[PDB]
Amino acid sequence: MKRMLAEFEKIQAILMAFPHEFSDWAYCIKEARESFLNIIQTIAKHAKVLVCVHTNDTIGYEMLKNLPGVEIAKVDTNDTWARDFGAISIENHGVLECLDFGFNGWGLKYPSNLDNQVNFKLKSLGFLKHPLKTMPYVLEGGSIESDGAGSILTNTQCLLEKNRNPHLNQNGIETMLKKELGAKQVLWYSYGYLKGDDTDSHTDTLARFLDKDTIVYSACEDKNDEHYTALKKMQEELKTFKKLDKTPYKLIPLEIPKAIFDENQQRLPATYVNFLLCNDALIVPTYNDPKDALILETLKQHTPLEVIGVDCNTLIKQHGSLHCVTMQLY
């Protein structure tokens, strides 16, 4: 009887990885350092932070060694996205267990030789306190969602991509979800995307459990916006989903902000769905958008937790957001 713990359960720590100059954060390292420090301190008020700091990142070591509720792990990374390389936690017949899935640079698009080895190092360095299982499947933690009660929400955009687990069919992928993570049902959808995203539409940017009865998703009202069709096709798939007691989900649409562009006019994938559920607090990305406050008030209605915005305009320059930079640990 195994089950993937939900993000809304009691979290012991949040695993992260500090930006350093041995990566694309190099071309704006000072801003990157700032936001992560601001994010880190926001989160440490609600859960202990365990942060990977590249073995050669002296500056970041300093910036972080005297921060209350922060523990540092000297572990090298390609990048900051601990959500997708971080261990996936299951409770297996009572016992906490960490699953080390293969991380492969989002279907081999980016270098991930260091990211993939992160869990291994943390465990060998004694930072991870539970058994660590090496998994023979490629799986990112941002690609799947658990309600902790046997339902896994995920999509085909990501999971059936040719560079994840090509030797498996959809049936075979669902079967490993059932057998490794303890899913009783797998909720699958097929539409929805964000322009600028390279993860192959990670569910954690599109559609997530807020709680065991509620799915929060990315939305677009602008019929002129390129996303309108695919996001409304996605919404109608969400509407077909039933809980294990056969009752519909409550569904909470969060409208994506106004278009954000890089300096070469390529659109950035901003979304409010890339929140972190963090013990007493729901921490929510904001984008210096007029609709930021509305998002936050909207969510306050559906949770007894404290809603905190945190600015992620720096994070989305590198095509990810708050949730992508975290992994909860139990």
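One-based numbering along the sequence shown.
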property: Given 80-88 and 254-262, the range whose Cα B-factors average higher in the PDB entry; result: 254-262
property: Greater mean Cα temperature factor according to the PDB record, 232-240 or 107-115; result: 232-240
property: Options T203, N169, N163, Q185 - largest CA temperature factor per the record; result: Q185
property: Identity of residue with top Cα B-factor, from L305, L276, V53, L294; result: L305
property: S321 by Cα B-factor - lowest, middle or highest third of the modelled chain; result: lowest
property: Chain thirds of CA B-factor: placement of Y249; result: highest
property: Within-chain third of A281 by Cα B-factor, per the entry; result: middle
property: Record-listed C-alpha B factor of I59: chain third; result: middle
property: Among modelled residues of the same chain, the CA temperature factor third for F22; result: middle
